[PDB]
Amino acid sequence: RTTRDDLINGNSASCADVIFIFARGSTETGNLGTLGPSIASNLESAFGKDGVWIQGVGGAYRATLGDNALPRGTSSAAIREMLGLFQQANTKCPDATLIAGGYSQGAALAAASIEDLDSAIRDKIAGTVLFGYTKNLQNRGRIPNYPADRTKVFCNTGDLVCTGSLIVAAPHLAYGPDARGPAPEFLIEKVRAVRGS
């Protein structure tokens, strides 16, 4: 449900082919929040339960609302936590294709982590999805040091955080349909583009 630790719990001897690391929004529960479970269900349908590991960013990432105001849109401790997860994936399963995503503060977290990542690991992330991306305007719809063709941003009209503000309006809470369809569609397509099928 809202908590998935497939990478942490996973057996190195039987690595999944695909590893998905997702960061939840502010004040959300577990380590997947409101959108992560929907994406996970569809990924499992496409790759099979044993074909993909779903890993939420928990630990030091408290998803504290106030941290949206920090320089990178999240805390240093949260960035360290997500970086460590990408590092764990790379060490535990060097041949797995990675995919990532985040919502709201988690989208800023995903962008900051990917920017700081060792390039050899960053280059293994086949696709990244960002919902209600709080640094959308500041970063011009991109994740620094990461290609545009591997990035998909879902920013609703009227979602003020996509337009340089930190005000939470109704459109910021309307990403359900995207998480159920286009987001997993994009991730599956990007994985198949490099892995074949």
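Start at 1 and count along the sequence shown; that's the residue number.
When the mean C-alpha temperature factors of 93-101 and 106-114 are read from the deposited coordinates, 93-101 comes out higher. Two stretches are in play, 161-169 and 128-136, and the higher mean C-alpha B-factor belongs to 161-169. You'll see in the entry that, of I188, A13, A23, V18, the Cα B factor peaks at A13. In this PDB entry, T29 carries a Cα temperature factor that places it within the middle third of its chain's modelled residues. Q87: CA B factor in the highest third of modelled residues in this chain (values from the PDB entry). The deposited CA B-factor of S75 belongs to the middle third of values across its chain. Among the modelled residues of its chain, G141 has a C-alpha B-factor that falls in the middle third according to the deposited record.
Ranked within its chain, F47 lands in the highest third, by CA B factor from the PDB record.
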